[PDB]
Amino acid sequence: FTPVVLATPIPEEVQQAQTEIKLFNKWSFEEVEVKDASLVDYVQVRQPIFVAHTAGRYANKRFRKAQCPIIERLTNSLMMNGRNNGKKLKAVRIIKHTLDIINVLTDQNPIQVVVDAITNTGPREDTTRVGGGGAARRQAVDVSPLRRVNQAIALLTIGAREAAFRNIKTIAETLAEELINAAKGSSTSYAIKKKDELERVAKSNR
Amino acid sequence: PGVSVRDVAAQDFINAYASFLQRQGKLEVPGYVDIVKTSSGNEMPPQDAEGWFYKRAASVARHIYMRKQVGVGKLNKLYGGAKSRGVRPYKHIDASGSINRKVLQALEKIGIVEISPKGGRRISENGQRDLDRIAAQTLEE
Amino acid sequence: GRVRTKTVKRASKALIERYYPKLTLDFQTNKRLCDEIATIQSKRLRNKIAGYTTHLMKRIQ
Amino acid sequence: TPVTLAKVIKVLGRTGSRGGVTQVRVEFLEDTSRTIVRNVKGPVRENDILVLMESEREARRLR
Amino acid sequence: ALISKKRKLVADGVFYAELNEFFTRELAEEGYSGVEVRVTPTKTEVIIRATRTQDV
Amino acid sequence: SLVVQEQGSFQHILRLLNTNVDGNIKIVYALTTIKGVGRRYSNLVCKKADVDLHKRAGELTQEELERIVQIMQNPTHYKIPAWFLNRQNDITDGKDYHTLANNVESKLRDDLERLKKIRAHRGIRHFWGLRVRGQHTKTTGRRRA
Amino acid sequence: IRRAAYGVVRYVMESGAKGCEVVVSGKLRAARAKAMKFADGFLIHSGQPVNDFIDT
Amino acid sequence: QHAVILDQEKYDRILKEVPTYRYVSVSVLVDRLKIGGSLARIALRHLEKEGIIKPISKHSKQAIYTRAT
Amino acid sequence: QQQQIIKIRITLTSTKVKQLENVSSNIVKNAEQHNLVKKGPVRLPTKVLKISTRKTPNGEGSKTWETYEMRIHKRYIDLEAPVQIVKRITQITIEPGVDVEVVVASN
Amino acid sequence: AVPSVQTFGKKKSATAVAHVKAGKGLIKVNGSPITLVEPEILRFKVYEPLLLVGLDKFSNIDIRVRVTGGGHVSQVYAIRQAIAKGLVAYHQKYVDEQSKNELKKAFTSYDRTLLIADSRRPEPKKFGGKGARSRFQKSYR
RNA sequence: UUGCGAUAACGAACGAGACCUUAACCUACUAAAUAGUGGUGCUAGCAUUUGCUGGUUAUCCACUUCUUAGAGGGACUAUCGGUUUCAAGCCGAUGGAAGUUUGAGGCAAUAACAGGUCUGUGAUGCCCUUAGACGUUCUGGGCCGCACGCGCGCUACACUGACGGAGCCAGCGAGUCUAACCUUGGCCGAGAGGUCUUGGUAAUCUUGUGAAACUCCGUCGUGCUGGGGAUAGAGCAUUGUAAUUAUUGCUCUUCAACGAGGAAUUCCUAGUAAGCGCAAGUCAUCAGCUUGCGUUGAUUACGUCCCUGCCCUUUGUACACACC
Ligand SMILES: [Mg+2]
Ligand SMILES: [Mg+2]
Ligand SMILES: [Mg+2]
Ligand SMILES: [Mg+2]
Ligand SMILES: [Mg+2]
Ligand SMILES: [Mg+2]
Ligand SMILES: [Mg+2]
Ligand SMILES: [Mg+2]
Ligand SMILES: [Mg+2]
Ligand SMILES: [Mg+2]
Ligand SMILES: [Mg+2]
Ligand SMILES: [Mg+2]
Ligand SMILES: [Mg+2]
Ligand SMILES: [Mg+2]
Ligand SMILES: [Mg+2]
Ligand SMILES: [Mg+2]
Ligand SMILES: [Mg+2]
Ligand SMILES: [Mg+2]
């Protein structure tokens with residue numbers, strides 16, 4: 001709880017992160033308590049990290065990607081559509097800017113908001129093609145909690161990538177608007193709109 | 001407490017060191033500025049255009065400081081980039097070799113680099129002193 | 001993907017037949033005394049033989 | 001909509017035409033040991049907690 | 001003789017492969033089975049594995 | 001080495017060198033509307049004419065327009081280094097001319113009908129409407145040209 | 001060919017080898033080509049011991 | 001379409017309405033005032049010097065700014 | 001002719017490592033019994049000569065390739081040798097398949 | 001002479017050699033402090049060996065790291081390994097073992113690559129594709 | 001067809017596997033100025049009071065962590081739980097450099113196909129020609145010719161982006177006197193390139209291949225726009241006996257479609273896809289190509305027979321040049 005002097009001097013804001021590990025230096029991984037269970041053990045909080053870059057292996061087993069942190073899994077769903085393949089330095093830079101904007105409006109915890117997004121745009125009832133042809137029937141299945149996390153990260157980040165495309169608004173703030181709208185539940189986010197499309201199909205495909 | 005030019009960030013050093021030689025003004029900026037692009041792989045000339053030769057010389061003299069010898073050909077390969085060949089894919093093209101040779105001959109006459117019998121330019125007695133002063137300035141400004 | 005060939009399992013079973021009051025439930029000494037009581041042409045071959053043989057004792061107890 | 005969280009007891013096997021549907025046996029968290037069998041689209045595992053928008057329907061596709 | 005080791009080893013591998021086919025053709029009816037070239041200073045000696053040596 | 005402000009004493013769409021050069025866009029990118037004057041040529045002459053490059057081309061004073069065009073029509077006077085132009089060592093008088101707005105079509109025709117008139121093969125390919133720079137016509141250009 | 005191949009196969013076996021195989025392909029008074037293996041003994045076809053033990 | 005010069009009547013609601021903005025950026029001034037990004041950038045650097053907005057990030061390609069107090 | 005160090009280096013280049021390190025061992029064993037000081041077998045990086053050809057002689061089939069590899073292994077041993085007795089015991093039994101060069105220097 | 005250990009850290013091709021010896025808090029990378037690393041968003045990878053245990057465990061120690069090979073992210077993950085391995089190897093040879101095994105607890109309980117080199121290696125490209133697995137597009141028509 | 005098990009079979013052989021190569025570990029050995037590190041024999045600088053340096057191995061000494069490559073060791077799913085017929089196995093956890101055949105290749109049986117190659121060979125039978133030649137050689141043209149259909153690609157439709165500056169980091173090769181190869185440095189030139197020298201037959205020199213995406217700071221600001229660079233004009237170089245139908249590069253100008261793509265269709269399960277570029281091959285010159293190589297590095301599943309293809313068993317047969 002003290003400042004330390006070294007021959008190569010360390011700044012004080014990083015020296016204050018000695019007492020708690022936060023996102024990048026700013027937002028704690030504590031009080032990110034998830035109001036909806038069944039996604040706990042699949043939203044990966046309760047292990048703090050500093051930056052959302054980790055070269056960790058999580059795709060060599062069936063469920064190791066449930067232990068990749070939920071901010072790294074959000075950065076992961078950004079760096080695609082070819083021209084952005086590779087480039088996690090750009091995707092981590094976005095989420096640093098994104099969690100700023102999530103903190104500025106609706107001034108609460110920006111990690112809690114992206115967690116509130118994943119628990120809100122996870123598709124709880126989906127459908128599958130029963131019958132092995134084009135002229136078939138569709139059946140209402142329940143959805144795995146890993147898939148509800150898997151699709152929610154996909155639905156939010158696609159709706160960020162679409163809305164930031166071809167306009168002045170940045171990927172930093174479209175995603176921030178995507179996650180804030182999804183945190184409330186508003187039908188003005190892409191991911192909530194796409195989720196209720198999946199769920200109204202399964203009401204009728206029972 | 002004795003500051004070298006490694007304790008200061010390279011972006012913040014070169015901006016400070018370029019504005020020093022600009023406000024001092026003895027660098028003999030060669031005359032063909034605003035007609036040159038700094039590389040064949042470039043589309044445009046430098047976008048600041050009253051400047052950029054103070055910045056190129058600040059980056060060269062820093063690069064001489066870090067290294068032990070740098071010549072012109074190593075300097076062109078340094079500042080080259082991806083050349084858009086239009087419809088064929090990109091490539092590395094070395095930078096302009098008359099700009100960087102007239103950077104080095106400029107820093108010689110103001111005493112920063114010299115002839116260095118293992119190649120091209122090593123940084124001088126005085127040039128090491130000159131960059132080290134600015135490095136002392138930059139941490140506490 | 002870890003099923004063992006007959007040449008591992010015959011040589012393991014032929015070791016148990018005539019060297020039970022010898023080599024024990026430890027792989028490491030089983031690895032090392034197959035150097036003396038068997039002529040095995042490869043280090044990778046010896047360790048698979050010594051490991052199934054170790055697996056066999058743990059079943060025998 | 002009165003949803004119910006249910007707790008996986010057994011992964012009874014894959015079903016569906018392509019194998020992408022896994023049939024599981026769950027017990028409800030509220031009023032526990034009220035055990036039924038459901039279909040799951042994503043990767044389901046033992047002791048996963050998953051949510052049902054209906055309380056009276058058992059999975060019918062198998063083998 | 002001022003030639004690289006990547007080149008001097010390949011050129012000796014070509015001088016071997018040329019005499020292999022030359023002695024295949026010339027010593028065909030005398031039971032040639034192989035040639036063995038030993039690169040020594042001041043002489044190289046060509047060892048011919050011919051089964052009926054007495055007419056070679 | 002710092003950022004300074006500005007103010008908008010502004011003039012819209014403006015004829016220049018027989019081209020409706022636009023306002024609301026910057027000086028070296030409003031003068032790319034003029035044929036024969038591209039980006040490198042705009043950037044060199046908007047520095048030779050002592051014009052601030054951030055002026056948005058409609059805050060430009062009407063005498064600053066006149067120095068811009070006087071440099072364009074006459075570049076070898078004002079130390080543009082004669083490798084920077086369209087037509088150099090021209091075809092008939094050997095002198096370097098930067099060809100401008102309506103004249104770049106005119107000298108294009110003058111090049112193409114010089115070339116047919118000697119029955120040169122590139123002029124013949126120019127007459128037939130084929131590609132003239134040694135392409136492969138078998139696959140490409142197969143909805144137009 | 002059957003007298004030549006079994007002549008050299010059973011010369012190899014009587015000279016002390018583990019395996020031998022003679023394969024003759026071509027045409028012999030018939031237009032359509034056929035191949036017949038004259039194999040006696042024991043061969044190993046896969047792996048490094050092809051390089052260790054087999055003369056081809 | 002987007003004002004690339006700055007006359008007075010845009011100036012007196014740049015200085016009146018960037019107060020009550022929670023989030024201010026280049027694109028925030030583009031889509032809610034009606035200037036271009038090259039004047040939104042100028043209206044960012046000017047307005048932090050006047051101190052009615054305070055910086056948070058100050059990255060190139062993305063500036064996060066917010067209302068003072 | 002009287003026991004003077006000559007600062008000789010024997011470089012040994014060969015495709016096959018077992019025959020190469022046979023002579024590089026014997027150069028060590030010869031100079032450890034004349035009590036000569038030596039920098040030992042310095043193992044230079046293996047030159048790998050790779051040649052990629054299409055498998056087929058014509059142009060038919062799937063696009064299948066070989067990589068034919070020649071490995072060159074090389075060593076050198078530095079010596080400081082009384083020349084007449086050491087040149088007597090080095091020029092004898094030159095190894096085929098191993099190329100050996102002997103260089104003296106004035107340092 | 002001085003109590004000194006020398007370790008290394010390794011990503012794909014980036015090998016950071018650390019020369020850890022007794023001193024006064026010095027933490028340097030290739031000539032330069034830990035405060036300026038480039039990429040400046042990956043600054044906290046090379047602060048995780050410092051912050052997980054506290055700065056006070058580095059106050060008696062000089063660390064002088066040379067990294068070459070690899071790339072910009074890849075060198076960063078070798079820096080955080082070279083000095084987390086350098087501090088532990090200093091707490092093996094000189095400081096107590098119970099104090100060494102708190103270092104190896106909190107390093108491993110956060111990030112296993114802080115001490116143990118990741119074995120993911122470049123799988124070779126195969127003919128018939130631009131990739132190791134990926135194949136050229138086939139036609140049928 | 002890997003085994004376990006059932007068993008009129010028992011016990012084996014080829015193939016699979018083992019094997020060989022490559023990659024990941026070795027602070028354990030053997031060392032090295034053709035690799036480094038540490039002092040400093042010894043200096044010598046800059047700021048200082050030790051931080052960053054530059055220099056000499058009978059004009060030093062020591063060490064091998066880093067690198068190399070000899071010889072070895074390591075992993076055998078080890079250990080422990082769960083399931084299985086307590087099998088063969090499989091899954092999870094812990095340890096571990098590695099727990100996907102450890103990753104990846106090389107090798108790869110029996111049987112074939114009327115698969116391709118006579119235009120790779122002085123591999124070859126038969127046929128054709130053999131001087132007015134289908135031989136050989138010389139000069140010029142052609143393969144590239146353009147209403148068009150198809151295949152693999154390269155460049156994009158932009159703000160997760162272009163430009164300018166700045167930061168600046170790999171790995172696999174190759175290279176000349178058995179003659180003009182890789183080229184550092186200096187000078188001249190916007191550039192392309194030229195000239196004077198140099199080092200290297202190569203862990204020694206090019207070369208730290210200072211590679212590109214990337215990062216930061218500026219300029220742009222949703223406009224077919226500063227995206228895109230197709231077409232086209234003018235000039236300067238290089239290679240070459242020879243550049244015209246532009247060999248290629250360079251500087252200015254022209255700035256086309258293209259606003260993410262019907263029907264359909266390809267590849268792909270972890271350092272893998274994808275983005276990025278570098279070397280080699282052919283090469284005098286020419287890469288949007290291929291073989292590698294490294295940089296950046298995700299989504300999704302650890303399943304199935306639904307589509308397609310293949311395999312095995314049962315049934316049918318009037319088929320055995322075997323549904324051609
Ligand atoms: Mg040069
Ligand atoms: Mg070009
Ligand atoms: Mg099924
Ligand atoms: Mg046999
Ligand atoms: Mg076998
Ligand atoms: Mg095998
Ligand atoms: Mg790829
Ligand atoms: Mg070692
Ligand atoms: Mg055929
Ligand atoms: Mg046929
Ligand atoms: Mg002739
Ligand atoms: Mg052709
Ligand atoms: Mg094709
Ligand atoms: Mg850039
Ligand atoms: Mg390198
Ligand atoms: Mg345009
Ligand atoms: Mg050609
Ligand atoms: Mg090439």
# chains A, B, ... in the order shown; residues from 1 in each chain; ligands from 1
>>> residues_around(residues="segment 121-125 of chain J", least_positions_apart="6", cutoff="8 Å", atoms="only C-alpha atoms (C1' of nucleotides)", output="JSON, numbers by chain")
{"J": [12, 131, 132, 133], "K": [23, 24, 103, 104, 271, 292]}
>>> residues_around(residues="segment 31-41 of chain E", least_positions_apart="2", cutoff="12 Å", atoms="only C-alpha atoms (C1' of nucleotides)", output="NGL selection string")
(:E and (8-9 or 12-29 or 43-56)) or (:G and (55-56)) or (:I and (14 or 90-102))
>>> select_by_dssp(residues="chain H", states="strand (DSSP E)", output="ChimeraX atom specification")
/H:53-55,65-67
>>> residues_near_ligand(ligand="ligand 8", cutoff="8 Å", atoms="only C-alpha atoms (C1' of nucleotides) and all ligand atoms", output="PyMOL selection string")
chain K and resi 64-67
>>> write_last_selection(atoms="C-alpha atoms (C1' of nucleotides)", output="PDB file, in the first residue's frame")
ATOM      1  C1'   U K  64      28.273 -21.764 -22.226  1.00  0.00           C
ATOM      2  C1'   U K  65      22.563 -19.461 -20.038  1.00  0.00           C
ATOM      3  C1'   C K  66      21.302 -17.682 -25.126  1.00  0.00           C
ATOM      4  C1'   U K  67      23.134 -20.102 -30.588  1.00  0.00           C
TER       5        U K  67
END
>>> residues_near_ligand(ligand="ligand 18", cutoff="9 Å", atoms="only C-alpha atoms (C1' of nucleotides) and all ligand atoms", output="ChimeraX atom specification")
/K:279-283,287
>>> residues_near_ligand(ligand="ligand 4", cutoff="8 Å", atoms="only C-alpha atoms (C1' of nucleotides) and all ligand atoms", output="MDAnalysis selection string")
(chainID G and resid 19 40:44) or (chainID K and resid 13:14)
>>> residues_near_ligand(ligand="ligand 10", cutoff="10 Å", atoms="only C-alpha atoms (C1' of nucleotides) and all ligand atoms", output="PDB file with C-alpha atoms (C1' of nucleotides), in the first residue's frame")
ATOM      1  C1'   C K 113      -6.843 -48.554 -64.629  1.00  0.00           C
ATOM      2  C1'   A K 114      -6.774 -49.910 -71.715  1.00  0.00           C
ATOM      3  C1'   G K 115      -5.203 -42.931 -66.243  1.00  0.00           C
ATOM      4  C1'   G K 116      -1.062 -39.705 -68.563  1.00  0.00           C
TER       5        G K 116
END
>>> residues_near_ligand(ligand="ligand 6", cutoff="12 Å", atoms="only C-alpha atoms (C1' of nucleotides) and all ligand atoms", output="PDB file with N, CA, C and O atoms (P, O5', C5', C4', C3', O3' and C1' of nucleotides), in the first residue's frame")
ATOM      1  N   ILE G  44       9.951 -56.832 -46.784  1.00  0.00           N
ATOM      2  CA  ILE G  44       9.406 -55.721 -46.014  1.00  0.00           C
ATOM      3  C   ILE G  44       9.333 -54.514 -46.930  1.00  0.00           C
ATOM      4  O   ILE G  44      10.347 -54.093 -47.491  1.00  0.00           O
ATOM      5  N   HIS G  45       8.145 -53.944 -47.070  1.00  0.00           N
ATOM      6  CA  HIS G  45       7.944 -52.919 -48.078  1.00  0.00           C
ATOM      7  C   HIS G  45       7.879 -51.505 -47.531  1.00  0.00           C
ATOM      8  O   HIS G  45       8.060 -50.563 -48.305  1.00  0.00           O
ATOM      9  N   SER G  46       7.671 -51.328 -46.234  1.00  0.00           N
ATOM     10  CA  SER G  46       7.365 -50.028 -45.657  1.00  0.00           C
ATOM     11  C   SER G  46       8.426 -49.620 -44.647  1.00  0.00           C
ATOM     12  O   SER G  46       8.809 -50.418 -43.786  1.00  0.00           O
ATOM     13  N   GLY G  47       8.888 -48.378 -44.750  1.00  0.00           N
ATOM     14  CA  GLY G  47       9.719 -47.776 -43.726  1.00  0.00           C
ATOM     15  C   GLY G  47      11.174 -47.663 -44.132  1.00  0.00           C
ATOM     16  O   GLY G  47      11.575 -47.946 -45.262  1.00  0.00           O
ATOM     17  N   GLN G  48      11.956 -47.189 -43.166  1.00  0.00           N
ATOM     18  CA  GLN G  48      13.411 -47.174 -43.306  1.00  0.00           C
ATOM     19  C   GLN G  48      14.087 -48.520 -43.609  1.00  0.00           C
ATOM     20  O   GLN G  48      15.026 -48.501 -44.423  1.00  0.00           O
ATOM     21  N   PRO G  49      13.698 -49.687 -43.048  1.00  0.00           N
ATOM     22  CA  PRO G  49      14.435 -50.928 -43.380  1.00  0.00           C
ATOM     23  C   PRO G  49      14.384 -51.359 -44.835  1.00  0.00           C
ATOM     24  O   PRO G  49      15.089 -52.305 -45.203  1.00  0.00           O
ATOM     25  N   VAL G  50      13.551 -50.725 -45.657  1.00  0.00           N
ATOM     26  CA  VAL G  50      13.722 -50.792 -47.101  1.00  0.00           C
ATOM     27  C   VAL G  50      15.094 -50.257 -47.488  1.00  0.00           C
ATOM     28  O   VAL G  50      15.817 -50.866 -48.282  1.00  0.00           O
TER      29      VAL G  50
ATOM     30  P     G K  15       5.618 -54.743 -44.577  1.00  0.00           P
ATOM     31  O5'   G K  15       4.139 -54.196 -44.799  1.00  0.00           O
ATOM     32  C5'   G K  15       3.807 -53.469 -45.967  1.00  0.00           C
ATOM     33  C4'   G K  15       2.344 -53.111 -46.026  1.00  0.00           C
ATOM     34  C3'   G K  15       1.828 -52.114 -45.013  1.00  0.00           C
ATOM     35  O3'   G K  15       2.217 -50.777 -45.253  1.00  0.00           O
ATOM     36  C1'   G K  15       0.286 -53.863 -45.207  1.00  0.00           C
ATOM     37  P     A K  16       2.435 -49.790 -44.008  1.00  0.00           P
ATOM     38  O5'   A K  16       1.065 -49.848 -43.207  1.00  0.00           O
ATOM     39  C5'   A K  16       0.188 -48.740 -43.180  1.00  0.00           C
ATOM     40  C4'   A K  16      -0.664 -48.769 -41.944  1.00  0.00           C
ATOM     41  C3'   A K  16       0.038 -48.405 -40.650  1.00  0.00           C
ATOM     42  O3'   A K  16       0.150 -47.009 -40.437  1.00  0.00           O
ATOM     43  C1'   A K  16      -1.160 -50.394 -40.335  1.00  0.00           C
ATOM     44  P     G K  17       1.590 -46.339 -40.220  1.00  0.00           P
ATOM     45  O5'   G K  17       2.002 -46.754 -38.742  1.00  0.00           O
ATOM     46  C5'   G K  17       1.112 -46.609 -37.644  1.00  0.00           C
ATOM     47  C4'   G K  17       1.468 -47.568 -36.537  1.00  0.00           C
ATOM     48  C3'   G K  17       2.924 -47.558 -36.126  1.00  0.00           C
ATOM     49  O3'   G K  17       3.262 -46.502 -35.254  1.00  0.00           O
ATOM     50  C1'   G K  17       2.286 -49.766 -36.511  1.00  0.00           C
ATOM     51  P     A K  18       4.595 -45.658 -35.534  1.00  0.00           P
ATOM     52  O5'   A K  18       5.768 -46.653 -35.133  1.00  0.00           O
ATOM     53  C5'   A K  18       5.859 -47.203 -33.828  1.00  0.00           C
ATOM     54  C4'   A K  18       6.772 -48.401 -33.810  1.00  0.00           C
ATOM     55  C3'   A K  18       8.197 -48.148 -34.255  1.00  0.00           C
ATOM     56  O3'   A K  18       9.002 -47.538 -33.266  1.00  0.00           O
ATOM     57  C1'   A K  18       7.396 -50.064 -35.338  1.00  0.00           C
ATOM     58  P     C K  19       9.899 -46.266 -33.645  1.00  0.00           P
ATOM     59  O5'   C K  19      10.541 -46.657 -35.038  1.00  0.00           O
ATOM     60  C5'   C K  19      11.710 -47.450 -35.091  1.00  0.00           C
ATOM     61  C4'   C K  19      12.133 -47.695 -36.510  1.00  0.00           C
ATOM     62  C3'   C K  19      12.774 -46.520 -37.208  1.00  0.00           C
ATOM     63  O3'   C K  19      14.142 -46.382 -36.877  1.00  0.00           O
ATOM     64  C1'   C K  19      11.140 -47.455 -38.620  1.00  0.00           C
ATOM     65  P     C K  20      14.695 -45.001 -36.280  1.00  0.00           P
ATOM     66  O5'   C K  20      14.839 -44.069 -37.558  1.00  0.00           O
ATOM     67  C5'   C K  20      15.800 -44.353 -38.562  1.00  0.00           C
ATOM     68  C4'   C K  20      15.546 -43.515 -39.784  1.00  0.00           C
ATOM     69  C3'   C K  20      15.536 -42.016 -39.557  1.00  0.00           C
ATOM     70  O3'   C K  20      16.832 -41.449 -39.549  1.00  0.00           O
ATOM     71  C1'   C K  20      13.645 -42.635 -40.831  1.00  0.00           C
ATOM     72  P     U K 101      -4.248 -38.950 -31.575  1.00  0.00           P
ATOM     73  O5'   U K 101      -2.723 -39.388 -31.520  1.00  0.00           O
ATOM     74  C5'   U K 101      -2.378 -40.719 -31.159  1.00  0.00           C
ATOM     75  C4'   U K 101      -1.068 -41.161 -31.760  1.00  0.00           C
ATOM     76  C3'   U K 101      -0.033 -40.064 -32.021  1.00  0.00           C
ATOM     77  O3'   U K 101       1.267 -40.574 -31.732  1.00  0.00           O
ATOM     78  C1'   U K 101      -0.391 -41.289 -33.983  1.00  0.00           C
ATOM     79  P     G K 105       0.911 -34.021 -42.712  1.00  0.00           P
ATOM     80  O5'   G K 105       1.860 -34.061 -43.983  1.00  0.00           O
ATOM     81  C5'   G K 105       2.584 -35.231 -44.305  1.00  0.00           C
ATOM     82  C4'   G K 105       4.051 -34.944 -44.451  1.00  0.00           C
ATOM     83  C3'   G K 105       4.852 -36.024 -45.151  1.00  0.00           C
ATOM     84  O3'   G K 105       4.803 -35.905 -46.557  1.00  0.00           O
ATOM     85  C1'   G K 105       5.926 -35.443 -43.138  1.00  0.00           C
ATOM     86  P     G K 106       4.631 -37.218 -47.451  1.00  0.00           P
ATOM     87  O5'   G K 106       6.026 -37.956 -47.295  1.00  0.00           O
ATOM     88  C5'   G K 106       7.207 -37.375 -47.808  1.00  0.00           C
ATOM     89  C4'   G K 106       8.404 -38.232 -47.509  1.00  0.00           C
ATOM     90  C3'   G K 106       8.292 -39.688 -47.911  1.00  0.00           C
ATOM     91  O3'   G K 106       8.485 -39.916 -49.291  1.00  0.00           O
ATOM     92  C1'   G K 106       9.134 -39.564 -45.733  1.00  0.00           C
ATOM     93  P     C K 107       7.517 -40.940 -50.052  1.00  0.00           P
ATOM     94  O5'   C K 107       7.785 -42.331 -49.322  1.00  0.00           O
ATOM     95  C5'   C K 107       9.014 -43.020 -49.497  1.00  0.00           C
ATOM     96  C4'   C K 107       9.105 -44.233 -48.615  1.00  0.00           C
ATOM     97  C3'   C K 107       8.107 -45.329 -48.919  1.00  0.00           C
ATOM     98  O3'   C K 107       8.517 -46.139 -50.004  1.00  0.00           O
ATOM     99  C1'   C K 107       8.165 -44.933 -46.591  1.00  0.00           C
ATOM    100  P     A K 108       7.544 -46.371 -51.258  1.00  0.00           P
ATOM    101  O5'   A K 108       6.280 -47.106 -50.630  1.00  0.00           O
ATOM    102  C5'   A K 108       6.371 -48.452 -50.195  1.00  0.00           C
ATOM    103  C4'   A K 108       5.302 -48.785 -49.191  1.00  0.00           C
ATOM    104  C3'   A K 108       3.894 -48.896 -49.742  1.00  0.00           C
ATOM    105  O3'   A K 108       3.636 -50.182 -50.271  1.00  0.00           O
ATOM    106  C1'   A K 108       3.890 -47.552 -47.798  1.00  0.00           C
ATOM    107  P     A K 109       3.317 -50.386 -51.827  1.00  0.00           P
ATOM    108  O5'   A K 109       3.085 -51.949 -51.934  1.00  0.00           O
ATOM    109  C5'   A K 109       3.943 -52.835 -51.243  1.00  0.00           C
ATOM    110  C4'   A K 109       3.175 -53.895 -50.498  1.00  0.00           C
ATOM    111  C3'   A K 109       2.300 -54.789 -51.348  1.00  0.00           C
ATOM    112  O3'   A K 109       3.044 -55.802 -51.995  1.00  0.00           O
ATOM    113  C1'   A K 109       1.140 -54.135 -49.391  1.00  0.00           C
TER     114        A K 109
END
>>> interface_residues(of="chain K", to="chain A", cutoff="8 Å", atoms="only C-alpha atoms (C1' of nucleotides)", output="PDB file with C-alpha atoms (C1' of nucleotides), in the first residue's frame")
ATOM      1  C1'   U K 100      -4.708 -34.595 -30.989  1.00  0.00           C
ATOM      2  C1'   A K 158     -13.101   1.698 -47.890  1.00  0.00           C
ATOM      3  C1'   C K 159     -13.209   5.066 -41.289  1.00  0.00           C
ATOM      4  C1'   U K 160     -11.519  -2.113 -38.028  1.00  0.00           C
ATOM      5  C1'   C K 214       1.334  -3.981 -37.427  1.00  0.00           C
ATOM      6  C1'   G K 221     -14.197  12.583 -43.339  1.00  0.00           C
ATOM      7  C1'   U K 222     -18.965   8.583 -45.860  1.00  0.00           C
ATOM      8  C1'   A K 270      -4.819 -24.543 -33.208  1.00  0.00           C
ATOM      9  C1'   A K 274      -7.200 -15.978 -42.681  1.00  0.00           C
ATOM     10  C1'   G K 275      -4.321 -11.069 -43.344  1.00  0.00           C
ATOM     11  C1'   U K 296      -0.078 -11.336 -36.925  1.00  0.00           C
ATOM     12  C1'   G K 297      -3.523 -14.960 -35.241  1.00  0.00           C
ATOM     13  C1'   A K 298      -9.400 -15.665 -34.423  1.00  0.00           C
ATOM     14  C1'   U K 299     -14.870 -17.960 -35.070  1.00  0.00           C
ATOM     15  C1'   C K 302     -14.940 -32.340 -30.688  1.00  0.00           C
ATOM     16  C1'   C K 306     -28.527 -35.672 -43.819  1.00  0.00           C
ATOM     17  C1'   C K 307     -26.074 -34.596 -48.937  1.00  0.00           C
TER      18        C K 307
END
>>> residues_around(residues="segment 284-286 of chain K", least_positions_apart="5", cutoff="9 Å", atoms="only C-alpha atoms (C1' of nucleotides)", output="NGL selection string")
:K and (238-240 or 247-248)
>>> interface_residues(of="chain J", to="chain A", cutoff="8 Å", atoms="only C-alpha atoms", output="NGL selection string")
:J and (24-28 or 33-35 or 41-42 or 44-45 or 51-56 or 58-59)
>>> atom_distance(atom1="atom CA of residue 68 of chain F", atom2="atom CA of residue 33 of chain F")
14.3 Å
>>> atom_distance(atom1="atom CA of residue 92 of chain F", atom2="atom CA of residue 34 of chain F")
25.0 Å
>>> residues_near_ligand(ligand="ligand 1", cutoff="9 Å", atoms="only C-alpha atoms (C1' of nucleotides) and all ligand atoms", output="PDB file with C-alpha atoms (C1' of nucleotides), in the first residue's frame")
ATOM      1  CA  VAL B  72      22.877   5.298 -47.039  1.00  0.00           C
ATOM      2  CA  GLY B  73      21.783   1.904 -48.348  1.00  0.00           C
TER       3      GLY B  73
ATOM      4  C1'   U K 183      26.671  -6.773 -53.007  1.00  0.00           C
ATOM      5  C1'   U K 184      28.152  -3.331 -47.999  1.00  0.00           C
ATOM      6  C1'   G K 185      30.239   1.621 -48.120  1.00  0.00           C
ATOM      7  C1'   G K 186      31.307   6.538 -50.554  1.00  0.00           C
TER       8        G K 186
END
